[PDB]
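Following: one structure in structure tokens, then a few remarks.
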Amino acid sequence: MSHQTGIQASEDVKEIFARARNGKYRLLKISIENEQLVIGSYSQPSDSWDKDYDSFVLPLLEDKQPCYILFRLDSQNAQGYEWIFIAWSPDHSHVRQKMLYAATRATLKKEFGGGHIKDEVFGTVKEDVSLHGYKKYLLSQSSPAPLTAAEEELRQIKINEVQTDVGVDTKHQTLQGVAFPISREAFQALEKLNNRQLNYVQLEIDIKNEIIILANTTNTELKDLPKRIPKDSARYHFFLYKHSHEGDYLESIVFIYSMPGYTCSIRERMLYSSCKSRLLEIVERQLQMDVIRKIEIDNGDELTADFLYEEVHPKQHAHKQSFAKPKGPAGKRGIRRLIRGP
Amino acid sequence: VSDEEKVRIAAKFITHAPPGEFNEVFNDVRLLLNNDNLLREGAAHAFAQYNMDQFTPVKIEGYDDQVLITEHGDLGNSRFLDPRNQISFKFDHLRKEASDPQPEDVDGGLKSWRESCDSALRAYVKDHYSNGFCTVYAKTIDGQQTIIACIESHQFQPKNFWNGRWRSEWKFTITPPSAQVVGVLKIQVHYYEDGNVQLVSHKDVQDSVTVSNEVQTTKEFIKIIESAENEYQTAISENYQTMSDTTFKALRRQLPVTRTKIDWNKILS
Amino acid sequence: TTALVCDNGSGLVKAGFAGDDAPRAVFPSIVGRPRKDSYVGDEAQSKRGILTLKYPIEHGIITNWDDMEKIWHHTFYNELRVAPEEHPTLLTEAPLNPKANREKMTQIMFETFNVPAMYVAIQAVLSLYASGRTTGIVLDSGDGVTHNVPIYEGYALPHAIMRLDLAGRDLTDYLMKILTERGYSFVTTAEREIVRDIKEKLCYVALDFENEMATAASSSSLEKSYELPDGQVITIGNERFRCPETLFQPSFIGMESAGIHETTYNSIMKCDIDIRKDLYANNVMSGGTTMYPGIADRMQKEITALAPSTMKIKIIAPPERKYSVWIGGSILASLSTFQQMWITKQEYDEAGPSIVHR
Amino acid sequence: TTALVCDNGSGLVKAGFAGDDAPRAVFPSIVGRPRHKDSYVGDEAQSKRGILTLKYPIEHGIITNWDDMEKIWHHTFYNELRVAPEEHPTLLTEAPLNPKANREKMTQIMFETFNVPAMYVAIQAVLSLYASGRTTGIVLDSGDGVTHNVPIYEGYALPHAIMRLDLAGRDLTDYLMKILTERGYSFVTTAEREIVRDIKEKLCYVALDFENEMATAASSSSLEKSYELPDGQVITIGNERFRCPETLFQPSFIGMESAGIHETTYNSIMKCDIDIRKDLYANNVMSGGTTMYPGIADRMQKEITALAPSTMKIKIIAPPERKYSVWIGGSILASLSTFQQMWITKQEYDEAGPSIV
Amino acid sequence: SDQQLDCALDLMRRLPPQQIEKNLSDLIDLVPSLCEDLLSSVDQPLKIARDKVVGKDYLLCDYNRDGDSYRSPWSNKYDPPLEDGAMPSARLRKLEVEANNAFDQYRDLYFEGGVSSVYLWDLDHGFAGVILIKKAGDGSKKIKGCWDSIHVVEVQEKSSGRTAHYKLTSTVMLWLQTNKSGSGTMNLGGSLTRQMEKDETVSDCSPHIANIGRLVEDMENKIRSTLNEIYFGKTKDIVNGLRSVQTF
Ligand SMILES: Nc1ncnc2c1ncn2[C@@H]1O[C@H](COP(=O)(O)OP(=O)(O)O)[C@@H](O)[C@H]1O
Ligand SMILES: Nc1ncnc2c1ncn2[C@@H]1O[C@H](COP(=O)(O)OP(=O)(O)O)[C@@H](O)[C@H]1O
Ligand SMILES: [Ca+2]
Ligand SMILES: [Ca+2]
């Protein structure tokens, strides 16, 4: 519906279209005449679409008069038989005819049914719409499409990127760890925690001297754990979560990276993120410390008993709730039955 | 509503169970029939066929590696064959468990070819499969000596809601100076987080191998297997792209040709 | 009764009746006011030095609404001589004309002029349909703006439209410059008209610019002769293929923009991938300044140079193209079946200002 | 000796010295070669654009033009930083999913032509995330010519979940040019593109609700701002302040078949295992310049909450310094004494071979 | 029984969606007791009928069904004919023809083919509707495929007409099949079901078919994106997890 003449279809063409969707005809010629779309010459199928085409179509093509030609292929689709819609508009015609036949094309196409047309050919010469020309139209579909230089650079990026995707690297999916020396005090405190002598070790980084030191080891229970996490500075925590899981009691250690917010300089919260990989390496590899969870909180108040339990032993996936459909057609009269069709 | 047709309905459901989901659809059909004896009687061969079609790997006690359950390993009485260690075992299909391992002599006298192929193939599987198993059979079918290499690989992540299996079968016959190599590769992926999506794929390969002695022919055969399987997998990964931008585009557009989301007030007049 | 179609161009208004073979009235769409409030059109151009000249449809879009009203009133009452209350009026609009602009020209046809019925068509689509096509890329090069409009099944592809602000008025103003540099003087308004006549009668696009320049430097073959109103003969040669050459080298008038060939290539390659091959073979010219000899043959050369060697490239240059936009509109408004599609005063009264797009 | 930090941006290169709080020098990553004065790179190529022909070696983030990228590094080292490459270790930044061959060639150029004493290549998104104070989260990096959604769990980016959107600040600038020109102004020349970019950066913003703010644009002149041109002539900018960055959420505005950044963040999170999504949703850090529009964090929070489960806790972290966070983190890392010990020295490149990095 | 219905639904969840109608037929065969209940909770592939009055094609679901006869949106009359099957409310049939034309435009702009239908019906206050799109594949053996869209919208229209609250449950059943030399055969297909709730401004400029059309379009764009970028992407990733081209 773009700049349509408004020329609709004569009822005769409505009838002949209804019959053509029963596979009745090989060919419908549609012309415009006195403000109406009307049939010209219809033909019945004789041989194959291959052999009909050149003798059925070409002599219906006037030198300087546009027309529409619907040609029934021997293919099929869901709606039924499949058609070629050819638009004949020789460019030497009178512009009135060119205008009408271009500005009623979409209206006729919709009138016939878009589902039944699989190819639309626009020809200005006989070579465009002869059988050879239709074959070449199909071949032109089998042709590669023109891409820009940027469009192809992006495809090159895509294919090498897909190689990277399936690769097994892992090392260059992170920036390599930063190894700050751990202090003897801090190391010894981590050791005493691993042997269940303490239940809390708080580590802090000397940013200037680039070493990680021991800040705290105070006796910490689950209720006092929130009071251990500062509000102004980032810190590392090792804590002995004593809890009860599914009937048996566990003393298990949790690592907590506490980072309060923009109270920390980019330098501070950068170093704290960069040293974690290597610190936990030293803890788990050298001391054989079994760390069951690594938590990253920004406020100490987050650490409720329910929070620690939910982070360590997680619940099942909560399935999505759904609202109910409309009531449907009222007084429908009928058990639902399958619409199956052999 | 014949009960004899009810069991073949139940059996059809089972043979179409996705890899790693056998127990689930089984429990489903069992609660739908609620005729446990009718199901056990009338669907036994369906269980056996599902296990032999999915290359179920099973571990026998005291034996390194696992063994694939295939139609080629069938021995009757619900007993199968492990050709690598030259035994055989009772195998329970429902629970997929291995019992009663007893040594069993196999005649036909082509051990060296099977052993060469099994060494080479099980070396190849370690190079190209994270969780792969392989079983190599040697037979004389229609009086000619045939090697059948089977490869299985799979990942079952029911918590993440996806399972995936890879089956590979490669047959070639010992006939000098050349022999025909047939292969069939199958991939099945089920992803059912908040919907149901499946990938089913298969590919048949025909190639030609040149047979001489065990050491050389097994090498060339493994090279055929390797290159053909790599080609299949690479083509699948590229096919995902071609479908995403071109094949899918046929069914529905990402945007209409105008590249503009259509204005609804404009149409409604 | 009769209807009329009105093509509001960046420099020329083309008006007349539906069913006519050409616009009955063609006048400059210029309004001038001192530093009657104003003159319009041919009147206002002659008095160029004393007045201040303003283009309402600068670059296809109506920028100034009062002046647009004066131009339209001039059309109906002086150039055409009809009563708006007794005639349905089709109007044309440019590419990417904003929705509010549309609403406003509808207003004015109904509120100010009390027209019975009216319709607004897209110039590019009428020009394409007039060539027998519903899919193709239109090159619309007129007085003050040039557009590259890809169109698929009668709908413009908005994100691929390209707009050069170099066009025919610039070509006249540049030919005037180089003629001055030869030794001539074209200062007054009559002489400015003479330069337009020279451009439209003797200029032509060259196949290869450098080869044509080298020819002109060594020969007297390319020197057509022009006669002035007094009777003097002036000779121009080199300029004939250097004036329209600016369409392909906008650096000549100082512009940083690309030529119409490069903008056609860019506009085609901004479309959907399926559509591109068809757009290459359906290149339609639809402007006044697409009337130079040789421009079609030159476009073929430059585009095949820019495009893949496999590609088939066709440039359609209708002989009737100079007024195609109008002709198209005429043929449409001259249809009984097209009468229903017009909006009507009564319907606009009830619906309001936003009825037009719908 | 102090180290060099180089952020190889899609449109803007950001170079400086390790330990500085901001890049010593920032310049466009364009190379200008005479059309058909050997070479002009950066602001010089923009200055003399007419005589020159433009090339964008990293236009999508992946280096495709090595000969021009070598010129860009020469300009960086010698003309902006004004230093000798042999005497200064160099940290380079890497695009997400940069190929291994790409990094090997980058390393080779650095060692064999610039003779750096040692060098290291780091992923952009991970540097930004780390600088944001966490090692688990999903990063949105929107720069000049590329936008990436990069999920990271405990320091490791998950390559399967990495999403590329080819829409960013370049496209936003161009679309603003277009819609202003449609309003009635004229912005079609390169000089005018620079002005319109400034208009974007100083007057654009992301609406919380798009339809409501379109209605409020129609209703009143409340959302209308004024921008004075270098001419001195003043233009009125209306709804186009927020229609422009709205293209980040609806690519169909610029005629693009793609998802909006909210939808791609959601897709990228769903490409990850269910266990970690809770940690991804609650750690959305934004990096890069195109994420600086006032009101994008609240908008993204709204949109993602819509796409997410009701129960889920979603947090968007928009640091004030994000426009340079990538570089900044890098600087910090390169300032460390312990860090450069891990870097591969020049001597170690030749006996070990190019495969080390 | 509820437990058997849950089992039936799970078993449908696991089975391939290419063959839903065969599976549903055999599943109702196993337990015919729960035929109706199951049919409500499961969506079937849409079926194409031809309207002999107008000569073209309409879609079949359980809302255009009265008894064993299906009403056509185009002739408004059931096939085979019926003495008094319930017919659309007087106001509603004009909205139906409007919405049918509108979603026909939608369908041609996105699908470039196939058939579409809309069936609406009165509620207590406000109304409801179904939008059904069926597109097939004709590319080749390499492009076999089918897309089915079912959009069920309920508009609890507020009496004033200022605002309307729209609910919509959308469901896509699709399957693509490629048959290439390199990849062999590839049957990638599934079903997704997502629902959006939102109330938007109703005006004379934006009626219900406007807001509902925008809802259906947005949901289909989102579902097709989610299908291609998440589900198909995840299956691709799984395949490469199973096997590696590069040696370990
Ligand atoms: N034969 C011709 N050769 C070259 N230019 C011409 C010719 N005839 C008209 N023109 C130019 O066409 C321009 C106006 O064309 P038109 O399409 O009416 O412009 P607009 O689209 O702005 O109305 C004028 O500048 C005029 O000089
Ligand atoms: N304050 C700002 N607000 C909005 N956009 C900005 C702002 N500053 C810069 N930009 C945009 O960001 C782009 C460059 O950002 P950057 O992340 O440095 O790009 P790259 O990733 O290519 O280095 C510029 O093109 C500009 O359009
Ligand atoms: Ca014009
Ligand atoms: Ca960047």
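Ordered as shown in the structure tokens, chains take letters A, B, and onward, while each chain numbers its residues from 1 and ligands are numbered from 1 in the order shown.
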Notebook entry, point to check: Can you tell me which residues sit at most 6 Å away from ligand 4, counting only C-alpha atoms and all ligand atoms, written as a list in words?
Noted result: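 Checked against 6 Å with only C-alpha atoms and all ligand atoms; the hits are residues 9, 143 and 288 of chain D.
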Notebook entry, point to check: If you run DSSP on this backbone, which residues of segment 123-350 of chain C come out as strand (DSSP E), and could you give them as JSON, numbers by chain?
Noted result: {"C": [136, 137, 138, 139, 140, 141, 146, 147, 148, 149, 150, 151, 152, 155, 156, 162, 163, 164, 224, 225, 226, 227, 233, 234, 235, 236, 283, 284, 285, 315, 316, 343, 344]}
Deliver the residues from the most recent selection as a file, using C-alpha atoms, as a PDB file, in the first residue's frame.
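result_39.pdb written:
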ATOM      1  CA  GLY C 136      15.338   0.911  -7.416  1.00  0.00           C
ATOM      2  CA  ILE C 137      17.516   3.811  -6.355  1.00  0.00           C
ATOM      3  CA  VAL C 138      16.448   7.295  -7.455  1.00  0.00           C
ATOM      4  CA  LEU C 139      18.935  10.093  -8.146  1.00  0.00           C
ATOM      5  CA  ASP C 140      16.907  13.288  -7.701  1.00  0.00           C
ATOM      6  CA  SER C 141      19.118  16.228  -8.698  1.00  0.00           C
ATOM      7  CA  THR C 146      20.397  16.223  -4.720  1.00  0.00           C
ATOM      8  CA  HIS C 147      19.071  13.019  -3.154  1.00  0.00           C
ATOM      9  CA  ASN C 148      19.972   9.337  -3.390  1.00  0.00           C
ATOM     10  CA  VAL C 149      16.816   7.443  -2.452  1.00  0.00           C
ATOM     11  CA  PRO C 150      16.740   3.639  -2.299  1.00  0.00           C
ATOM     12  CA  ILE C 151      13.161   2.411  -2.608  1.00  0.00           C
ATOM     13  CA  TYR C 152      11.930  -1.165  -2.101  1.00  0.00           C
ATOM     14  CA  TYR C 155       8.893   2.371   0.441  1.00  0.00           C
ATOM     15  CA  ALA C 156      11.965   4.529   0.899  1.00  0.00           C
ATOM     16  CA  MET C 162      21.831  10.464   1.047  1.00  0.00           C
ATOM     17  CA  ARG C 163      21.607  14.225   0.588  1.00  0.00           C
ATOM     18  CA  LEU C 164      24.096  16.366  -1.326  1.00  0.00           C
ATOM     19  CA  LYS C 224      29.775  25.721 -29.412  1.00  0.00           C
ATOM     20  CA  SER C 225      28.736  29.337 -29.973  1.00  0.00           C
ATOM     21  CA  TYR C 226      26.039  31.186 -28.023  1.00  0.00           C
ATOM     22  CA  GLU C 227      24.144  34.300 -29.103  1.00  0.00           C
ATOM     23  CA  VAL C 233      28.233  35.887 -30.334  1.00  0.00           C
ATOM     24  CA  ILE C 234      30.178  34.607 -27.334  1.00  0.00           C
ATOM     25  CA  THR C 235      32.153  31.378 -27.568  1.00  0.00           C
ATOM     26  CA  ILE C 236      32.275  28.884 -24.703  1.00  0.00           C
ATOM     27  CA  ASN C 283      19.349   3.318 -11.059  1.00  0.00           C
ATOM     28  CA  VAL C 284      16.779   5.974 -12.012  1.00  0.00           C
ATOM     29  CA  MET C 285      17.472   9.673 -12.597  1.00  0.00           C
ATOM     30  CA  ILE C 315      21.332   3.522 -15.236  1.00  0.00           C
ATOM     31  CA  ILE C 316      17.856   4.377 -16.479  1.00  0.00           C
ATOM     32  CA  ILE C 343      -8.331  12.926   2.502  1.00  0.00           C
ATOM     33  CA  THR C 344     -11.229  15.378   2.563  1.00  0.00           C
TER      34      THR C 344
END
Who sits within 9 Å of segment 26-37 of chain C, only C-alpha atoms, same chain under 6 positions skipped, as a compact mmCIF listing (two decimals) with C-alpha atoms, in the first residue's frame:
# COMPACT_ATOMS: atom_id res chain seq x y z
CA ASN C 8 7.20 22.21 -4.51
CA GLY C 9 10.87 22.18 -5.48
CA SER C 10 13.99 23.69 -3.93
CA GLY C 11 13.95 26.36 -6.65
CA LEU C 12 11.09 25.74 -9.08
CA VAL C 13 7.40 25.16 -8.40
CA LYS C 14 5.76 22.94 -11.03
CA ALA C 15 1.96 23.22 -11.00
CA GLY C 16 -0.92 22.29 -13.26
CA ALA C 44 10.96 38.78 -6.85
CA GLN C 45 13.98 37.55 -8.83
CA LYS C 47 14.34 42.83 -8.03
CA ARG C 48 17.28 40.89 -6.60
CA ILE C 50 16.95 45.77 -3.61
CA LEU C 51 15.12 42.89 -1.86
CA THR C 52 16.19 40.11 0.49
CA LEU C 53 15.59 36.72 -1.14
CA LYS C 54 14.53 33.67 0.90
CA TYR C 55 13.97 30.08 -0.20
CA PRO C 56 11.08 28.46 1.72
CA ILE C 57 11.76 24.96 0.37
CA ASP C 67 6.85 32.30 2.60
CA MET C 68 5.47 28.87 1.72
CA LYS C 70 2.80 33.18 -0.14
CA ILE C 71 4.21 30.79 -2.77
CA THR C 75 0.39 29.34 -7.43
CA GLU C 79 0.18 31.37 -11.98
Taking only C-alpha atoms and all ligand atoms and a cut-off of 7 Å, can you tell me which residues surround ligand 2, written as an mmCIF file with N, CA, C and O atoms, in the first residue's frame?
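So selection.cif came out as:
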data_model
loop_
_atom_site.group_PDB
_atom_site.id
_atom_site.type_symbol
_atom_site.label_atom_id
_atom_site.label_comp_id
_atom_site.auth_asym_id
_atom_site.auth_seq_id
_atom_site.Cartn_x
_atom_site.Cartn_y
_atom_site.Cartn_z
ATOM 1 N N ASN D 8 45.112 0.928 23.533
ATOM 2 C CA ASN D 8 44.900 0.955 22.087
ATOM 3 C C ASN D 8 43.400 0.952 21.805
ATOM 4 O O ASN D 8 42.782 -0.077 21.517
ATOM 5 N N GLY D 9 42.809 2.147 21.871
ATOM 6 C CA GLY D 9 41.376 2.270 21.726
ATOM 7 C C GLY D 9 40.896 2.163 20.289
ATOM 8 O O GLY D 9 41.644 2.365 19.331
ATOM 9 N N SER D 10 39.604 1.840 20.161
ATOM 10 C CA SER D 10 38.991 1.695 18.844
ATOM 11 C C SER D 10 39.035 3.005 18.071
ATOM 12 O O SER D 10 39.234 3.009 16.851
ATOM 13 N N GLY D 11 38.860 4.126 18.762
ATOM 14 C CA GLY D 11 38.949 5.416 18.115
ATOM 15 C C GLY D 11 39.976 6.337 18.741
ATOM 16 O O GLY D 11 40.479 7.249 18.079
ATOM 17 N N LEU D 12 40.296 6.113 20.014
ATOM 18 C CA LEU D 12 41.170 6.997 20.775
ATOM 19 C C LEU D 12 42.240 6.172 21.471
ATOM 20 O O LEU D 12 41.921 5.256 22.232
ATOM 21 N N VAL D 13 43.502 6.497 21.207
ATOM 22 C CA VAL D 13 44.644 5.924 21.909
ATOM 23 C C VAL D 13 44.918 6.768 23.142
ATOM 24 O O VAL D 13 44.886 8.010 23.085
ATOM 25 N N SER D 142 31.934 0.386 26.458
ATOM 26 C CA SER D 142 31.434 1.084 25.279
ATOM 27 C C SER D 142 32.397 2.220 24.958
ATOM 28 O O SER D 142 32.478 3.202 25.703
ATOM 29 N N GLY D 143 33.129 2.085 23.855
ATOM 30 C CA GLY D 143 34.085 3.104 23.470
ATOM 31 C C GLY D 143 33.680 3.873 22.231
ATOM 32 O O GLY D 143 32.562 4.389 22.140
ATOM 33 N N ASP D 144 34.587 3.955 21.264
ATOM 34 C CA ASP D 144 34.316 4.704 20.047
ATOM 35 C C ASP D 144 33.664 3.835 18.978
ATOM 36 O O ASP D 144 32.653 4.227 18.389
ATOM 37 N N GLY D 145 34.218 2.650 18.724
ATOM 38 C CA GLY D 145 33.744 1.841 17.618
ATOM 39 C C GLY D 145 33.303 0.441 17.994
ATOM 40 O O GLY D 145 32.990 -0.366 17.108
ATOM 41 N N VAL D 146 33.262 0.133 19.291
ATOM 42 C CA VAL D 146 32.898 -1.205 19.736
ATOM 43 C C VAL D 146 32.363 -1.123 21.156
ATOM 44 O O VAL D 146 32.781 -0.274 21.945
ATOM 45 N N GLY D 169 30.400 5.173 20.291
ATOM 46 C CA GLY D 169 30.327 6.630 20.269
ATOM 47 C C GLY D 169 30.373 7.220 18.874
ATOM 48 O O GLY D 169 29.784 8.268 18.624
ATOM 49 N N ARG D 170 31.133 6.595 17.970
ATOM 50 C CA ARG D 170 31.171 7.041 16.580
ATOM 51 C C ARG D 170 29.765 7.093 15.996
ATOM 52 O O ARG D 170 29.314 8.135 15.496
ATOM 53 N N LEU D 172 26.932 7.042 17.584
ATOM 54 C CA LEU D 172 26.079 7.981 18.306
ATOM 55 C C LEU D 172 26.295 9.411 17.815
ATOM 56 O O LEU D 172 25.328 10.151 17.589
ATOM 57 N N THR D 173 27.558 9.810 17.641
ATOM 58 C CA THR D 173 27.876 11.119 17.073
ATOM 59 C C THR D 173 27.213 11.301 15.715
ATOM 60 O O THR D 173 26.580 12.333 15.450
ATOM 61 N N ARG D 197 30.004 16.240 18.286
ATOM 62 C CA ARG D 197 30.505 15.365 19.340
ATOM 63 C C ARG D 197 30.566 16.103 20.665
ATOM 64 O O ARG D 197 30.196 15.555 21.711
ATOM 65 N N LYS D 200 27.051 16.318 21.979
ATOM 66 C CA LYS D 200 26.762 15.024 22.582
ATOM 67 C C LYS D 200 27.316 14.945 23.997
ATOM 68 O O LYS D 200 26.574 14.730 24.962
ATOM 69 N N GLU D 201 28.627 15.152 24.136
ATOM 70 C CA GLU D 201 29.283 14.906 25.415
ATOM 71 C C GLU D 201 28.785 15.849 26.501
ATOM 72 O O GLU D 201 28.731 15.464 27.677
ATOM 73 N N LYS D 202 28.401 17.073 26.137
ATOM 74 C CA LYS D 202 28.052 18.068 27.143
ATOM 75 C C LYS D 202 26.553 18.202 27.398
ATOM 76 O O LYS D 202 26.171 18.712 28.458
ATOM 77 N N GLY D 288 34.605 2.791 29.850
ATOM 78 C CA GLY D 288 34.651 3.391 28.534
ATOM 79 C C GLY D 288 33.795 4.643 28.435
ATOM 80 O O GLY D 288 32.899 4.883 29.234
ATOM 81 N N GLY D 289 34.086 5.444 27.408
ATOM 82 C CA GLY D 289 33.569 6.799 27.356
ATOM 83 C C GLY D 289 32.096 6.875 27.037
ATOM 84 O O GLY D 289 31.383 7.740 27.558
ATOM 85 N N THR D 290 31.622 5.984 26.179
ATOM 86 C CA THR D 290 30.227 6.029 25.765
ATOM 87 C C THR D 290 29.268 5.632 26.897
ATOM 88 O O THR D 290 28.044 5.716 26.730
ATOM 89 N N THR D 291 29.777 5.282 28.079
ATOM 90 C CA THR D 291 28.931 4.974 29.224
ATOM 91 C C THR D 291 28.807 6.146 30.198
ATOM 92 O O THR D 291 28.349 5.955 31.331
ATOM 93 N N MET D 292 29.182 7.356 29.775
ATOM 94 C CA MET D 292 29.211 8.527 30.647
ATOM 95 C C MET D 292 27.933 9.359 30.601
ATOM 96 O O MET D 292 27.850 10.369 31.311
ATOM 97 N N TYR D 293 26.944 8.969 29.805
ATOM 98 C CA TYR D 293 25.710 9.748 29.683
ATOM 99 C C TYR D 293 24.968 9.773 31.014
ATOM 100 O O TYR D 293 24.653 8.707 31.557
ATOM 101 N N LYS D 323 35.698 6.520 32.293
ATOM 102 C CA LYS D 323 36.133 6.939 30.962
ATOM 103 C C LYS D 323 37.589 6.591 30.687
ATOM 104 O O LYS D 323 37.967 6.440 29.521
ATOM 105 N N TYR D 324 38.411 6.449 31.734
ATOM 106 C CA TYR D 324 39.807 6.060 31.583
ATOM 107 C C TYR D 324 40.195 4.890 32.479
ATOM 108 O O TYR D 324 41.389 4.571 32.567
#
Margin query: Distance limit 8 Å, reference ligand 1, atoms considered: only C-alpha atoms and all ligand atoms. Which residues make the cut? Give them as an NGL selection string.
Written below: :C and (7-14 or 59-60 or 140-145 or 167-172 or 196-197 or 199-201 or 203-204 or 286-293 or 322-323)
Next item on the list: Compute the set of chain C residues within 9 Å of chain A, using only C-alpha atoms, and express it as a PyMOL selection string.
Entry: chain C and resi 121-122+125-126+128-134+153-155+269+273-274+276-277+307-308+311+316+318+320+324+327-328+331-333+335-341
Check: Nearest to chain C: which of D:216, D:181, D:149, D:337 is it, counting only C-alpha atoms?
Finding: D:181
Next item on the list: Find the residues in chain E near chain C: any atom within 12 Å counts, using only C-alpha atoms. Write them as JSON, numbers by chain.
Entry: {"E": [108, 109, 204, 205, 206]}
Would you output that residue set with C-alpha atoms, as a compact mmCIF listing (two decimals), in the first residue's frame?
# COMPACT_ATOMS: atom_id res chain seq x y z
CA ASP E 108 4.54 -9.43 5.54
CA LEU E 109 7.15 -7.03 6.90
CA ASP E 204 -7.62 7.75 19.51
CA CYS E 205 -4.11 7.90 18.02
CA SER E 206 -3.07 4.59 19.65
Note to self: Using only C-alpha atoms, which protein or nucleic acid residues come within 8 Å of residue 189 of chain E? Drop anything in the same chain fewer than 4 positions from it, and give the result as number ranges by chain.
What the structure shows: B: 197-199; E: 17-18, 173-176
Selected residues, N, CA, C and O atoms, written as a PDB file, in the first residue's frame, please.
ATOM      1  N   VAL B 197      15.070 -26.891  23.540  1.00  0.00           N
ATOM      2  CA  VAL B 197      15.824 -26.778  22.297  1.00  0.00           C
ATOM      3  C   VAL B 197      16.690 -28.017  22.150  1.00  0.00           C
ATOM      4  O   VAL B 197      17.281 -28.496  23.125  1.00  0.00           O
ATOM      5  N   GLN B 198      16.732 -28.551  20.931  1.00  0.00           N
ATOM      6  CA  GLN B 198      17.534 -29.715  20.606  1.00  0.00           C
ATOM      7  C   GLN B 198      18.319 -29.441  19.337  1.00  0.00           C
ATOM      8  O   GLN B 198      17.851 -28.752  18.429  1.00  0.00           O
ATOM      9  N   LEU B 199      19.526 -29.978  19.303  1.00  0.00           N
ATOM     10  CA  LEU B 199      20.314 -30.101  18.090  1.00  0.00           C
ATOM     11  C   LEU B 199      20.495 -31.584  17.820  1.00  0.00           C
ATOM     12  O   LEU B 199      21.032 -32.309  18.665  1.00  0.00           O
TER      13      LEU B 199
ATOM     14  N   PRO E  17      10.660 -31.148  19.846  1.00  0.00           N
ATOM     15  CA  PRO E  17       9.451 -30.402  19.484  1.00  0.00           C
ATOM     16  C   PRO E  17       9.119 -30.447  18.003  1.00  0.00           C
ATOM     17  O   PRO E  17       8.076 -29.907  17.609  1.00  0.00           O
ATOM     18  N   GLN E  18       9.968 -31.060  17.173  1.00  0.00           N
ATOM     19  CA  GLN E  18       9.623 -31.225  15.764  1.00  0.00           C
ATOM     20  C   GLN E  18       8.364 -32.068  15.611  1.00  0.00           C
ATOM     21  O   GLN E  18       7.524 -31.795  14.744  1.00  0.00           O
ATOM     22  N   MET E 173       7.136 -22.162  18.364  1.00  0.00           N
ATOM     23  CA  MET E 173       7.589 -23.498  17.994  1.00  0.00           C
ATOM     24  C   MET E 173       8.279 -23.368  16.644  1.00  0.00           C
ATOM     25  O   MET E 173       7.626 -23.050  15.645  1.00  0.00           O
ATOM     26  N   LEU E 174       9.585 -23.607  16.596  1.00  0.00           N
ATOM     27  CA  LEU E 174      10.257 -23.490  15.312  1.00  0.00           C
ATOM     28  C   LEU E 174      11.290 -24.592  15.179  1.00  0.00           C
ATOM     29  O   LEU E 174      11.737 -25.176  16.167  1.00  0.00           O
ATOM     30  N   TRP E 175      11.637 -24.892  13.934  1.00  0.00           N
ATOM     31  CA  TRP E 175      12.723 -25.819  13.667  1.00  0.00           C
ATOM     32  C   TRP E 175      13.331 -25.488  12.318  1.00  0.00           C
ATOM     33  O   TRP E 175      12.609 -25.271  11.339  1.00  0.00           O
ATOM     34  N   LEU E 176      14.653 -25.416  12.289  1.00  0.00           N
ATOM     35  CA  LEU E 176      15.432 -25.250  11.081  1.00  0.00           C
ATOM     36  C   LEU E 176      16.146 -26.559  10.781  1.00  0.00           C
ATOM     37  O   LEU E 176      16.534 -27.296  11.691  1.00  0.00           O
TER      38      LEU E 176
END
Could the residues of chain D that have an atom at most 7 Å from chain E be listed as a tab-separated table, each with its closest atom pair and the distance in Å to one decimal, counting only C-alpha atoms and ordered by chain and ascending residue number?
residue	atom	partner	partner_atom	distance
D:267	CA	E:230	CA	6.3
D:270	CA	E:230	CA	6.8
D:271	CA	E:230	CA	6.1
